[PDB]
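S.K.: Whatever this is, show me its structure:
(6 chains)
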Amino acid sequence: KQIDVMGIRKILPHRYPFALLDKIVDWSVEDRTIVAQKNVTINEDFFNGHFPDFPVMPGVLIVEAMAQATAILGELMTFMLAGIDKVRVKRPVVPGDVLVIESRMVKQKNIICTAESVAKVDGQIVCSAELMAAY
Amino acid sequence: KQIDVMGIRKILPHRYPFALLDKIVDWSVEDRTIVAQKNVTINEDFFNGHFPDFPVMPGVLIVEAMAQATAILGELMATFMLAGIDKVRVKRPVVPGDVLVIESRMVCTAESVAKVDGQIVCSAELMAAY
Amino acid sequence: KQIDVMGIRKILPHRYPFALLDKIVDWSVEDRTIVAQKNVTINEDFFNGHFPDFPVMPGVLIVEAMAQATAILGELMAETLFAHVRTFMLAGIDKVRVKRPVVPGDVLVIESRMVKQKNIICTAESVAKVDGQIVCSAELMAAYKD
Amino acid sequence: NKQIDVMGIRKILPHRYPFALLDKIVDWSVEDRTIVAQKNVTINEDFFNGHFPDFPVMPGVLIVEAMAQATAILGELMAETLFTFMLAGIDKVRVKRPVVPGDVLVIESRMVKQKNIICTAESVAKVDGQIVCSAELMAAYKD
Amino acid sequence: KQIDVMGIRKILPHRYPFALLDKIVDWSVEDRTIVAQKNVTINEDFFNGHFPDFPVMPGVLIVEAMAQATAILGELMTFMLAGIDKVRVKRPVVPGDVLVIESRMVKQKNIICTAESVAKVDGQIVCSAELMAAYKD
Amino acid sequence: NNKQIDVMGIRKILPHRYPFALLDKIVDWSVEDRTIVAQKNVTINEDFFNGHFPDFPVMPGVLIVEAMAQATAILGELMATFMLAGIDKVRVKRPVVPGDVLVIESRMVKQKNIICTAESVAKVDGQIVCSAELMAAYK
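M.R.: Residues are numbered from 1 along each chain as shown, chains lettered A, B, ... in the order given. For reference, the structure is listed below:
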């Protein structure tokens, strides 16, 4: 139950600079669960503008990654983003942080789906979110 | 009333590829409001990935614009970071050629709407912290 | 008579970073005119270099957008245009006047009119306006070459 | 003596990547009011990805912009004895051959008119000593 | 013991797209050793061209990451790469791999310096090499 | 002239594409002598120069090495993709800055099943700036 970047490409149409997932560590047909890894390095173009004197990762991008993680799970049952409720960002994600991303389905309401995602670095909670995504 | 992209650079520390506001057209301290503009063009790198064969502005970049709009109004109240983001409604596809007008009303927290040619494309509630 | 970016691509081979037209607002084969639109934003790579202390669009990228709009017009008319006869590639530029700095947040409205045809060489006269103020005008020669 | 490397060129003009389109000055002369500059053309410039995906050729406007930067440099070199330079006018541009990766673009510019904050040049770009493009350029010195 | 990316920018002039180290995990001037990390993701420009159809990290950039951890260890005791030898590439390195870089200073004859280096993914060696750096300014 | 290959020809031979396409053209080659001569122009408009170094642009020596290896892989292709099995004896002598033209010469010295060994040098203005010994595998 391993999907590397190449498998992920057959699944989503996202590509550089908006493929924000490196691999799928594990997936659950049954549990409607997924876990993804996005590695975070100084050598990604956003870190130049956000921010010049302090590389931090855009929250919205973590969310986009959770979203992309959510979107894949879907395709395993495209899937564009319809909404994103309750989103809270506890910790700065920097270059070096491996980013581990868990996303679970909770609502299947007629060609729409909803998910809860949490994002962690060394186990800690850096971000959680409710993601709403359809098609 | 207005603030050009060089004014935005003295207020916020953001830069390329994450300066997502071209200019501030209005604001008002009294009223706790701001209107900003984000021009959208095929010549922005994110469209090469999102997606080949159909370039559409990703939802989350709409929010980030909204957030910078917000965090400038904020800075006029006297840098901010994005704590909470809530009630995010992605109506329509934003495409190369659309002009994005950004309304942010403070109520720190805020209500923001993003428009193309009158029409709402996005709305969201935005908590935020230094 | 509107053509979105996806439409431009069927017509012009240009892709990023040298696709400098968002959409065609209007065309007329009968009138040999075209209106195009280029949105100018600070999220464009060239604004980092021209200039780092003060982003303003390069004169020559304005011209290039004029040239692209003229080549779409060119294509749309190739049955008319080339009655008596593969991409349109710029062969001359002549009456270029740059009147105003074009800055991020300007919408760039581009008018091009084809005024001369001569055995594969096309001449158009273009102007570009920001908030209906004249920002640049040019005479473009394109050759329908390989 | 009459060379200026890319770092010298950085102190003369504010242009940076991706609109720094000169690698070095080869010769100049305030006395003859001419300058010889060089831009190397390589596949590993980004504009080649879009112009064109299946046939990389250097856009004509960029050759012109190379010539105007060389002209602006000549202007700056001549400033003391004429009194930033911005491109006000372009005329008579002829694009003569396609320029492709691996071509060394040698650029010659000669200042012909001084007319009150407005300068005016003739300029040619060459590849292997043959002309790929010519132009008259009109820069205006303004802050 | 640790140095974040910010600390790294004070020691080395390298910047994007040639900053090839995220952080120093540890060092030791006594043993003359350094361990670095470099995260490998699909979001990195060089993966577009190497290769479209199969993104794999260029050997020569793995080496450049080695030479950069080395250069740090150097100033912890600019360093310009003057020699490379016995470079062996074992294993391809792809998006998702975390890339641990260990360098160890071997010789320090005058102004020329020399290191032994290794790069690893999940513990196994993916590349090794001997590097010669001169401290030319 | 019968022995030139432009960038669109290099593309048919090697999968490397931007930003890791590092040869502009092949200038000469002998299938009999086991040689190739290629060129790579170097210019300020290359993105690595914004990082290497911000206040002083000079070509990473690893990139000179990568240009050599591509040259070497084209020659291997022409004698017959080749991957970079080994790099030995790399001398980085002179710094390479915008405005220089890298002339690259590769010489196939030995072979040992798929693994192949070349001697390779890099030239600016007839002077050597970099030399090395390369082991590419695969055929």
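
S.K.: ranges for the strands of chain A?
M.R.: A:3-4, A:23-28, A:33-39, A:80-89, A:98-108, A:112-121, A:124-134 (DSSP state E).

S.K.: Output the ones you listed as CSV; include the columns distance to chain D and mean neighbour count.
M.R.: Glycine gets a C-beta too; all of them are placed from N, C-alpha and C. Below are the strands of chain A laid out as CSV (distance: least, C-beta to the nearest C-beta, whole Å; neighbours: other C-beta atoms under 10 Å in any protein chain shown):
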stretch, distance to chain D, mean neighbour count
strand A:3-4, 26, 18
strand A:23-28, 27, 18
strand A:33-39, 25, 23
strand A:80-89, 26, 20
strand A:98-108, 28, 18
strand A:112-121, 32, 20
strand A:124-134, 31, 19
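
S.K.: okay if I get these as TSV plus distance to residue D:22?
M.R.: Shown next, in TSV, are the strands of chain A (distance: least, C-beta to C-beta, whole Å):
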stretch	distance to residue D:22
strand A:3-4	43
strand A:23-28	44
strand A:33-39	38
strand A:80-89	44
strand A:98-108	42
strand A:112-121	45
strand A:124-134	45
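
S.K.: To residue F:29, which of these lies closest?
M.R.: Nearest to residue F:29, of all the strands of chain A, is strand A:3-4, at 37.3 Å by C-beta to C-beta.

S.K.: packing partners for that closest one?
M.R.: Secondary-structure packing of strand A:3-4 (3 or more C-beta pairs under 8 Å, 6 or more residues apart in numbering or on different chains; DSSP states H and E): strand A:23-28.

S.K.: Listing partners with orientation, what would you give for the strand it packs on?
M.R.: Looking at strand A:23-28 with DSSP bridges, its partner strands are strand A:3-4 (antiparallel), strand A:33-39 (antiparallel).

S.K.: Please see if the lengthiest helix in chain A touches chain B.
M.R.: Ranked by number of residues, the top helix in chain A under DSSP state H is helix A:59-76. Yes: counting by C-beta under 8 Å from any C-beta of the partner chain, contacts between helix A:59-76 and chain B involve A:59, A:60, A:61, A:63, A:64, A:67.

S.K.: got the buried residues for that helix?
M.R.: A:59-74 (16 or more other C-beta atoms under 10 Å in any protein chain shown).

S.K.: how distant is that helix from the center of its chain?
M.R.: When distances are taken as C-alpha atoms, centre = their mean, to the nearest Å, helix A:59-76 is centred 4 Å away from the chain's centroid.

S.K.: hmm, who's touching stretch A:2-17?
M.R.: For stretch A:2-17, the external contacting residues (C-beta atoms under 8 Å, 6 or more residues apart in numbering or on different chains) are A:19-27, A:44-46, A:68, A:71-72, A:75-76, A:78, B:17, B:45-46, B:48-53, E:42-43, E:45, E:47-48, E:54-55, E:94-96.

S.K.: Now residue A:99: closest residue in space that isn't a chain neighbour?
M.R.: residue A:38 (4.6 Å; C-beta to C-beta, 6 or more residues apart in numbering or on different chains).

S.K.: Now do the same contact list for the one you found.
M.R.: Contacts for residue A:38 (C-beta under 8 Å, 6+ apart) come out as A:20, A:21, A:22, A:65, A:99, A:101, E:41, E:43.

S.K.: repeat that with 7 Å
M.R.: Neighbouring residues of residue A:38 by C-beta atoms under 7 Å, 6 or more residues apart in numbering or on different chains: A:20, A:21, A:22, A:65, A:99, A:101, E:41.

S.K.: And the furthest pair within the residues you listed?
M.R.: Longest span within the contacts of residue A:38, C-beta to C-beta: A:101 and E:41, 12.8 Å.

S.K.: which residues touch the closest residue to residue A:86 other than its chain neighbours?
M.R.: Using C-beta to C-beta, 6+ apart and skipping residues adjacent in sequence, the residue nearest residue A:86 is residue A:130, 4.9 Å away. Contacts of residue A:130 were listed using C-beta under 7 Å, 6+ apart, and they are A:84, A:85, A:86, A:114, A:116.

S.K.: now for the longest helix of chain A, which elements pack on it?
M.R.: Packing contacts for helix A:59-76, counted by 3 or more C-beta pairs under 7 Å, 6 or more residues apart in numbering or on different chains; DSSP states H and E, involve helix A:5-11, strand A:23-28, strand A:33-39, strand A:80-89, strand A:98-108, strand A:112-121, strand A:124-134, helix B:59-76.

S.K.: Could you double-check that residue A:87 sits in contact with residue A:60?
M.R.: No: with contacts counted by C-beta atoms under 7 Å, residue A:87 stays clear of residue A:60, the gap being 9.1 Å.

S.K.: Residue A:36 touches residue A:27, doesn't it?
M.R.: No: applying C-beta under 7 Å, one finds residue A:36 not in contact with residue A:27, separated by 9.1 Å.

S.K.: Residue most distant from the centroid, chain A?
M.R.: Taking C-alpha atoms, centre = their mean, the residue of chain A most remote from its mean C-alpha position is residue A:53, at 26.0 Å.

S.K.: contacting residues for that residue?
M.R.: Counting by C-beta under 7 Å, 6+ apart, residue A:53 touches no other residue.

S.K.: Look up phi and psi at it.
M.R.: Dihedral pair for residue A:53: phi -100, psi 10, per degrees, to the nearest 10.

S.K.: Quick check: residue A:111 vs chain E, distance?
M.R.: 29 Å (C-beta to the nearest C-beta, to the nearest Å).

S.K.: Could you verify my assumption that that residue touches residue A:134?
M.R.: Yes: between residue A:111 and residue A:134 a contact is recorded at 5.8 Å, counting by C-beta under 7 Å.

S.K.: May I have the beta-bridge partners of the residue lying closest to residue A:62 once chain neighbours are set aside?
M.R.: Nearest non-adjacent residue to residue A:62, counting by C-beta to C-beta, 6+ apart: residue A:127, 4.9 Å away. For residue A:127, the beta-bridge partners under DSSP bridges are residue A:89, residue A:119.

S.K.: Residue A:120 touches residue A:126, doesn't it?
M.R.: Yes: taking contacts as C-beta under 7 Å, residue A:120 lies within contact range of residue A:126: 6.4 Å.
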